[PDB]
>>> print(open('query.tsv').read())   # TSV, C-alpha atoms and all ligand atoms
chain	number	residue	atom	x	y	z
A	1103	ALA	CA	-7.35	10.67	-16.11
A	1104	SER	CA	-4.01	8.91	-16.43
A	1105	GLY	CA	-1.09	10.41	-18.32
A	1106	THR	CA	0.70	7.07	-18.15
A	1107	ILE	CA	2.46	5.57	-21.15
A	1108	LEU	CA	4.10	2.16	-21.03
A	1109	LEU	CA	7.30	1.89	-23.06
A	1110	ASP	CA	8.38	-1.67	-23.98
A	1111	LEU	CA	12.05	-2.49	-23.44
A	1112	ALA	CA	13.50	-4.86	-26.03
A	1113	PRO	CA	15.37	-7.76	-24.36
A	1114	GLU	CA	18.49	-6.76	-26.34
A	1115	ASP	CA	18.36	-3.37	-24.58
A	1116	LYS	CA	21.05	-2.77	-21.98
A	1117	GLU	CA	18.47	-1.17	-19.69
A	1118	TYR	CA	16.36	-4.32	-20.00
A	1119	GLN	CA	19.47	-6.27	-18.98
A	1120	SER	CA	20.42	-4.14	-15.96
A	1121	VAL	CA	16.90	-4.45	-14.55
A	1122	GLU	CA	16.69	-8.25	-14.92
A	1123	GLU	CA	20.22	-8.60	-13.54
A	1124	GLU	CA	19.15	-6.67	-10.44
A	1125	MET	CA	16.02	-8.81	-10.17
A	1126	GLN	CA	17.80	-12.16	-10.61
A	1127	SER	CA	20.86	-11.36	-8.47
A	1128	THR	CA	18.84	-10.23	-5.43
A	1129	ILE	CA	16.88	-13.47	-5.06
A	1130	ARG	CA	17.39	-14.92	-1.57
A	1131	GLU	CA	16.20	-17.91	0.42
A	1132	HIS	CA	13.60	-16.80	2.99
A	1133	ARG	CA	12.78	-18.14	6.45
A	1134	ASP	CA	9.37	-19.49	5.42
A	1135	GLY	CA	10.89	-22.12	3.12
A	1136	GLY	CA	9.33	-20.46	0.09
A	1137	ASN	CA	5.84	-20.64	1.59
A	1138	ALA	CA	4.78	-17.07	0.74
A	1139	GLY	CA	6.57	-16.35	-2.54
A	1140	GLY	CA	7.08	-19.88	-3.82
A	1141	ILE	CA	10.10	-22.10	-4.49
A	1142	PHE	CA	12.57	-20.99	-7.15
A	1143	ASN	CA	16.16	-19.91	-7.81
A	1144	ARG	CA	15.26	-17.88	-10.85
A	1145	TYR	CA	12.55	-15.89	-12.57
A	1146	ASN	CA	11.44	-16.11	-16.15
A	1147	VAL	CA	11.06	-12.49	-17.20
A	1148	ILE	CA	8.36	-12.00	-19.81
A	1149	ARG	CA	8.30	-8.23	-20.08
A	1150	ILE	CA	9.94	-5.09	-18.73
A	1151	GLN	CA	8.33	-1.71	-19.39
A	1152	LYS	CA	9.29	1.86	-18.54
A	1153	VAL	CA	6.44	3.81	-16.95
A	1154	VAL	CA	6.27	7.29	-18.45
A	1155	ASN	CA	4.02	9.83	-16.71
A	1156	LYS	CA	4.93	13.52	-16.66
A	1157	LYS	CA	2.78	14.82	-13.77
A	1158	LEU	CA	3.86	11.84	-11.71
A	1159	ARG	CA	7.52	12.52	-12.55
A	1160	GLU	CA	7.15	16.14	-11.46
A	1161	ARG	CA	5.47	15.17	-8.19
A	1162	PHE	CA	8.45	12.90	-7.55
A	1163	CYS	CA	11.00	15.56	-8.51
A	1164	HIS	CA	9.31	18.23	-6.39
A	1165	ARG	CA	9.33	16.05	-3.26
A	1166	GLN	CA	12.87	14.80	-3.81
A	1167	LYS	CA	13.87	18.47	-4.06
A	1168	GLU	CA	12.22	19.17	-0.69
A	1169	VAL	CA	13.73	16.11	1.00
A	1170	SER	CA	17.14	17.16	-0.30
A	1171	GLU	CA	17.12	20.60	1.34
A	1172	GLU	CA	15.75	18.94	4.49
A	1173	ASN	CA	18.65	16.52	4.56
A	1174	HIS	CA	21.83	18.42	3.68
A	1175	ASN	CA	21.25	18.01	-0.06
A	1176	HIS	CA	21.10	14.23	0.20
A	1177	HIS	CA	17.87	12.68	-1.06
A	1178	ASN	CA	19.29	9.16	-0.58
A	1179	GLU	CA	17.76	7.61	-3.68
A	1180	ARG	CA	17.73	3.83	-3.97
A	1181	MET	CA	16.38	1.51	-6.65
A	1182	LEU	CA	13.96	-0.75	-4.77
A	1183	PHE	CA	11.42	-3.48	-5.52
A	1184	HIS	CA	7.69	-3.30	-4.74
A	1185	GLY	CA	5.13	-6.09	-4.61
A	1186	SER	CA	1.38	-5.90	-3.90
A	1187	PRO	CA	-2.00	-6.69	-5.52
A	1188	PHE	CA	-2.27	-3.06	-6.64
A	1189	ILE	CA	0.41	-2.73	-9.30
A	1190	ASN	CA	-1.99	-1.72	-12.07
A	1191	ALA	CA	-3.41	1.11	-9.98
A	1192	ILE	CA	0.08	2.33	-9.09
A	1193	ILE	CA	1.45	2.62	-12.61
A	1194	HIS	CA	-1.64	4.70	-13.39
A	1195	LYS	CA	-2.08	6.95	-10.33
A	1196	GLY	CA	1.25	6.56	-8.54
A	1197	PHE	CA	1.93	5.24	-5.05
A	1198	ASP	CA	-0.68	6.56	-2.62
A	1199	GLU	CA	-0.30	6.42	1.17
A	1200	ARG	CA	-4.05	6.85	1.52
A	1201	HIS	CA	-4.16	3.32	0.07
A	1202	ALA	CA	-1.87	1.83	2.73
A	1203	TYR	CA	-3.55	-0.90	4.80
A	1204	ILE	CA	-2.71	-3.24	7.70
A	1207	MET	CA	2.37	-5.57	8.62
A	1208	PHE	CA	4.72	-3.16	10.41
A	1209	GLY	CA	2.90	0.12	9.83
A	1210	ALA	CA	0.55	2.05	7.56
A	1211	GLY	CA	3.02	2.88	4.81
A	1212	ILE	CA	4.43	1.82	1.45
A	1213	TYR	CA	6.83	-1.11	1.49
A	1214	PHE	CA	9.93	-1.70	-0.59
A	1215	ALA	CA	12.61	-4.39	-0.64
A	1216	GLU	CA	16.17	-4.49	-1.98
A	1217	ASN	CA	15.64	-8.20	-2.58
A	1218	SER	CA	13.17	-8.87	-5.40
A	1219	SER	CA	12.26	-12.21	-3.83
A	1220	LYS	CA	10.96	-10.41	-0.73
A	1221	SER	CA	8.62	-8.25	-2.84
A	1222	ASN	CA	7.60	-11.41	-4.70
A	1223	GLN	CA	6.11	-12.54	-1.38
A	1224	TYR	CA	3.51	-9.74	-1.56
A	1225	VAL	CA	2.41	-10.21	-5.18
A	1226	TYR	CA	-0.62	-12.31	-4.18
A	1227	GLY	CA	-1.22	-10.59	-0.84
A	1228	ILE	CA	0.23	-10.49	2.67
A	1229	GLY	CA	2.04	-13.78	3.25
A	1230	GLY	CA	1.38	-14.62	-0.38
A	1231	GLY	CA	-2.39	-14.76	0.09
A	1232	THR	CA	-3.57	-18.04	-1.37
A	1233	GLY	CA	-1.40	-17.64	-4.46
A	1234	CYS	CA	-2.55	-17.33	-8.07
A	1235	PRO	CA	-6.31	-16.98	-8.69
A	1236	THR	CA	-6.63	-20.06	-10.91
A	1237	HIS	CA	-4.60	-22.71	-9.05
A	1238	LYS	CA	-4.54	-21.17	-5.56
A	1239	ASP	CA	-0.81	-21.91	-5.63
A	1240	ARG	CA	1.63	-19.55	-3.93
A	1241	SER	CA	4.42	-21.36	-5.80
A	1242	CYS	CA	2.71	-21.51	-9.20
A	1243	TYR	CA	5.15	-21.73	-12.11
A	1244	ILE	CA	2.39	-21.25	-14.64
A	1245	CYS	CA	0.62	-17.96	-13.84
A	1246	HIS	CA	2.12	-14.55	-14.64
A	1247	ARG	CA	3.29	-12.23	-11.86
A	1248	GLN	CA	4.17	-8.54	-11.77
A	1249	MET	CA	6.36	-6.38	-9.54
A	1250	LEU	CA	7.92	-2.92	-9.76
A	1251	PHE	CA	11.45	-1.61	-9.79
A	1252	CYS	CA	11.21	1.88	-8.31
A	1253	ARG	CA	13.22	5.01	-7.56
A	1254	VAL	CA	12.65	5.71	-3.87
A	1255	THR	CA	13.48	8.87	-1.96
A	1256	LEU	CA	14.65	7.63	1.46
A	1257	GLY	CA	16.10	10.90	2.75
A	1258	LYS	CA	17.13	10.46	6.36
A	1259	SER	CA	15.99	6.96	7.28
A	1260	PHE	CA	14.90	5.84	10.73
A	1261	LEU	CA	16.11	2.45	11.91
A	1262	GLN	CA	13.90	0.32	14.16
A	1266	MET	CA	6.65	-1.29	15.66
A	1267	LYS	CA	3.67	0.37	13.94
A	1268	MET	CA	3.70	4.07	13.02
A	1269	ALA	CA	1.73	6.47	10.83
A	1270	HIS	CA	4.51	8.71	9.55
A	1271	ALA	CA	8.29	8.90	9.52
A	1272	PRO	CA	9.76	10.18	12.81
A	1273	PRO	CA	10.63	13.89	13.25
A	1274	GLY	CA	13.65	14.75	11.11
A	1275	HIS	CA	13.18	11.67	8.95
A	1276	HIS	CA	11.73	10.71	5.55
A	1277	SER	CA	11.64	6.91	5.71
A	1278	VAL	CA	11.62	3.91	8.04
A	1279	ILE	CA	13.90	0.90	7.53
A	1280	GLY	CA	13.60	-2.43	9.29
A	1281	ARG	CA	17.17	-3.72	9.19
A	1282	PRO	CA	18.12	-7.40	9.69
A	1283	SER	CA	19.09	-8.45	13.22
A	1285	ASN	CA	17.19	-11.76	16.28
A	1286	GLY	CA	14.54	-10.26	14.02
A	1287	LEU	CA	14.27	-9.53	10.30
A	1288	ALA	CA	15.99	-11.68	7.68
A	1289	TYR	CA	16.22	-8.92	5.06
A	1290	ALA	CA	15.81	-5.14	4.97
A	1291	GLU	CA	12.42	-3.57	4.42
A	1292	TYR	CA	12.10	0.06	3.41
A	1293	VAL	CA	8.97	2.00	4.29
A	1294	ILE	CA	7.79	5.42	3.13
A	1295	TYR	CA	4.63	7.22	4.20
A	1296	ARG	CA	4.41	9.59	1.24
A	1297	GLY	CA	3.46	8.32	-2.21
A	1298	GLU	CA	5.49	10.93	-4.07
A	1299	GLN	CA	8.72	9.64	-2.52
A	1300	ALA	CA	8.75	6.70	-4.90
A	1301	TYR	CA	8.40	6.52	-8.66
A	1302	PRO	CA	7.26	3.23	-10.24
A	1303	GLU	CA	10.04	3.25	-12.85
A	1304	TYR	CA	9.83	-0.25	-14.33
A	1305	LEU	CA	6.88	-2.61	-14.68
A	1306	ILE	CA	8.20	-6.18	-14.60
A	1307	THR	CA	6.06	-9.09	-15.83
A	1308	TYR	CA	7.43	-12.49	-14.86
A	1309	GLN	CA	7.07	-16.13	-13.79
A	1310	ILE	CA	8.98	-17.99	-11.09
A	1311	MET	CA	10.97	-20.95	-12.46
A	1312	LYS	CA	10.88	-24.49	-11.09
A	1313	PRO	CA	14.33	-25.50	-9.72
A	1401	LIG	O1	-0.02	3.02	-3.46
A	1401	LIG	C1	-0.69	1.98	-3.22
A	1401	LIG	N1	-1.91	1.69	-3.81
A	1401	LIG	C2	-2.64	2.45	-4.73
A	1401	LIG	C3	-2.17	3.60	-5.36
A	1401	LIG	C4	-2.97	4.33	-6.26
A	1401	LIG	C5	-4.26	3.95	-6.54
A	1401	LIG	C6	-4.80	2.79	-5.91
A	1401	LIG	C7	-6.13	2.35	-6.17
A	1401	LIG	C8	-6.62	1.23	-5.54
A	1401	LIG	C9	-5.76	0.53	-4.64
A	1401	LIG	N2	-4.52	0.90	-4.38
A	1401	LIG	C10	-4.01	2.02	-5.00
A	1401	LIG	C11	-0.20	0.97	-2.25
A	1401	LIG	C12	0.19	1.44	-0.99
A	1401	LIG	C13	0.65	0.57	-0.01
A	1401	LIG	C14	0.72	-0.82	-0.29
A	1401	LIG	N3	1.18	-1.71	0.70
A	1401	LIG	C15	2.55	-2.05	0.89
A	1401	LIG	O2	3.47	-1.60	0.20
A	1401	LIG	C16	2.68	-3.04	2.04
A	1401	LIG	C17	1.21	-3.26	2.54
A	1401	LIG	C18	0.36	-2.38	1.64
A	1401	LIG	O3	-0.86	-2.27	1.70
A	1401	LIG	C19	0.96	-4.77	2.29
A	1401	LIG	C20	1.86	-5.49	3.28
A	1401	LIG	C21	3.14	-5.27	2.90
A	1401	LIG	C22	3.11	-4.46	1.61
A	1401	LIG	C23	1.78	-5.00	0.99
A	1401	LIG	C24	0.32	-1.29	-1.56
A	1401	LIG	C25	-0.14	-0.40	-2.53
A	1402	ZN	ZN	-1.59	-20.54	-11.23
>>> encode(input="query.tsv", output="structure tokens")
Amino acid sequence: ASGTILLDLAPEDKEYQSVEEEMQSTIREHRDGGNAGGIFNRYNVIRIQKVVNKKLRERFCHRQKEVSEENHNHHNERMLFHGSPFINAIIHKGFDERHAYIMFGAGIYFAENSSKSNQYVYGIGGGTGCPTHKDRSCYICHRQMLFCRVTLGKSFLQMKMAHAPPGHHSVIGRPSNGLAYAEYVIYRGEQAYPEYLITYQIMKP
């Protein structure tokens, strides 16, 4: 069963404010002209909850400990965004690499820009948007994403692979041409904790 408890953050909470700040301030314009994630300069944040799960926390702490001693006591933790159709499963069971499907590999994908993760909320390339209106840019329907602690360890900089390279703990596609914004990939579910569940809407400009 799940040992997951959702704690509601009051909007007047400072923690609530730091999270939304991170989410708002990392919005970027993407190459697709808003095709996948929609068109917006801002979110409307409805809810932000802390995911509390003890066994999950320990699995994260145990792995981070291992990565640390593998990487000169640097676990290289970053707060990163995740988007996918499987948020509800993740807050209950945790990220699972066995659930990774076919992108740029068979791993778990994170973005430093919330708007990039927002592109995955309704599927790869935004699917066909919200269920009701089939609108990738719907300003009505509610969306969710995650703000996660991720153990990057020693990252590899690069197209499709199964695991991190020898001596590494994560793969990062850095902008170059090539990518517009960084993508962070891990191939072990316990190297990310789904810290905050964010429920939101995109706002019409
Ligand atoms: O941990 C994941 N899913 C799940 C965890 C635990 C229980 C589950 C039960 C059912 C389904 N998924 C579960 C999960 C793993 C990888 C992805 N994932 C990505 O992060 C990349 C790809 C993917 O499948 C897809 C293309 C880019 C993004 C979205 C999504 C969810
Ligand atoms: Zn809709």
>>> residues_near_ligand(input="query.tsv", ligand="ligand ZN 1402 (chain A)", cutoff="7 Å", atoms="all atoms listed in the file", output="JSON, numbers by chain")
{"A": [1234, 1235, 1236, 1237, 1238, 1239, 1242, 1243, 1244, 1245]}
>>> residues_near_point(input="query.tsv", point="(15.1, 10.3, 7.7)", cutoff="6 Å", atoms="all atoms listed in the file", output="short mmCIF file (atom, residue, chain, number, x, y, z; two decimals) with C-alpha atoms, in the coordinates of the input")
data_model
loop_
_atom_site.label_atom_id
_atom_site.label_comp_id
_atom_site.auth_asym_id
_atom_site.auth_seq_id
_atom_site.Cartn_x
_atom_site.Cartn_y
_atom_site.Cartn_z
CA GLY A 1257 16.10 10.90 2.75
CA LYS A 1258 17.13 10.46 6.36
CA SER A 1259 15.99 6.96 7.28
CA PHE A 1260 14.90 5.84 10.73
CA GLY A 1274 13.65 14.75 11.11
CA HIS A 1275 13.18 11.67 8.95
CA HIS A 1276 11.73 10.71 5.55
CA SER A 1277 11.64 6.91 5.71
#
>>> residues_near_ligand(input="query.tsv", ligand="ligand LIG 1401 (chain A)", cutoff="6 Å", atoms="all atoms listed in the file", output="count of residues only")
18
>>> atom_distance(input="query.tsv", atom1="atom CA of residue A:1298", atom2="atom CA of residue A:1256")
11.2 Å
>>> atom_distance(input="query.tsv", atom1="atom CA of residue A:1304", atom2="atom CA of residue A:1215")
14.6 Å
>>> closest_residue(input="query.tsv", among="A:1165, A:1247, A:1267, A:1220", to="residue A:1307", atoms="only C-alpha atoms")
A:1247
>>> axis_aligned_box(input="query.tsv", around="stretch 1256-1266 of chain A", padding_each_side="8 Å", output="lines of an AutoDock Vina configuration file")
center_x = 11.9
center_y = 4.8
center_z = 8.6
size_x = 26.5
size_y = 28.2
size_z = 30.2
>>> atom_distance(input="query.tsv", atom1="atom CA of residue A:1241", atom2="atom CA of residue A:1127")
19.4 Å
>>> build_atoms(input="query.tsv", residues="stretch 1288-1302 of chain A", atoms="N, CA, C and O atoms", output="compact mmCIF listing (two decimals), in the frame of the given file")
# COMPACT_ATOMS: atom_id res chain seq x y z
N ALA A 1288 15.02 -10.97 8.51
CA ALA A 1288 15.99 -11.68 7.68
C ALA A 1288 16.59 -10.75 6.63
O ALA A 1288 17.77 -10.83 6.30
N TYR A 1289 15.76 -9.86 6.08
CA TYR A 1289 16.22 -8.92 5.06
C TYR A 1289 15.56 -7.55 5.21
O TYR A 1289 14.44 -7.44 5.71
N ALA A 1290 16.27 -6.52 4.77
CA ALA A 1290 15.81 -5.14 4.97
C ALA A 1290 14.47 -4.87 4.32
O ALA A 1290 14.18 -5.36 3.23
N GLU A 1291 13.64 -4.10 5.01
CA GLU A 1291 12.42 -3.57 4.42
C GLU A 1291 12.46 -2.06 4.54
O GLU A 1291 12.88 -1.51 5.56
N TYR A 1292 12.05 -1.39 3.47
CA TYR A 1292 12.10 0.06 3.41
C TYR A 1292 10.68 0.57 3.33
O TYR A 1292 9.93 0.15 2.45
N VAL A 1293 10.32 1.47 4.23
CA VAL A 1293 8.97 2.00 4.29
C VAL A 1293 8.94 3.52 4.10
O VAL A 1293 9.73 4.26 4.70
N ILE A 1294 8.03 3.99 3.25
CA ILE A 1294 7.79 5.42 3.13
C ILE A 1294 6.31 5.69 3.37
O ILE A 1294 5.47 4.82 3.16
N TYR A 1295 6.00 6.90 3.82
CA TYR A 1295 4.63 7.22 4.20
C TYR A 1295 4.09 8.34 3.32
O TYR A 1295 3.04 8.91 3.59
N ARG A 1296 4.83 8.64 2.26
CA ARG A 1296 4.41 9.59 1.24
C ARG A 1296 4.59 9.00 -0.15
O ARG A 1296 5.70 8.62 -0.54
N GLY A 1297 3.49 8.94 -0.89
CA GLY A 1297 3.46 8.32 -2.21
C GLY A 1297 4.38 8.94 -3.25
O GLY A 1297 4.84 8.25 -4.15
N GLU A 1298 4.65 10.23 -3.11
CA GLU A 1298 5.49 10.93 -4.07
C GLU A 1298 6.98 10.76 -3.79
O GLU A 1298 7.82 11.37 -4.46
N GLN A 1299 7.32 9.92 -2.81
CA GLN A 1299 8.72 9.64 -2.52
C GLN A 1299 9.19 8.35 -3.18
O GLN A 1299 10.26 7.83 -2.87
N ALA A 1300 8.37 7.84 -4.10
CA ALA A 1300 8.75 6.70 -4.90
C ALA A 1300 8.14 6.83 -6.28
O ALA A 1300 6.96 7.16 -6.41
N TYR A 1301 8.93 6.56 -7.31
CA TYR A 1301 8.40 6.52 -8.66
C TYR A 1301 8.46 5.10 -9.21
O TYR A 1301 9.51 4.45 -9.17
N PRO A 1302 7.32 4.60 -9.73
CA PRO A 1302 7.26 3.23 -10.24
C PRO A 1302 7.93 3.10 -11.61
O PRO A 1302 7.25 2.97 -12.62
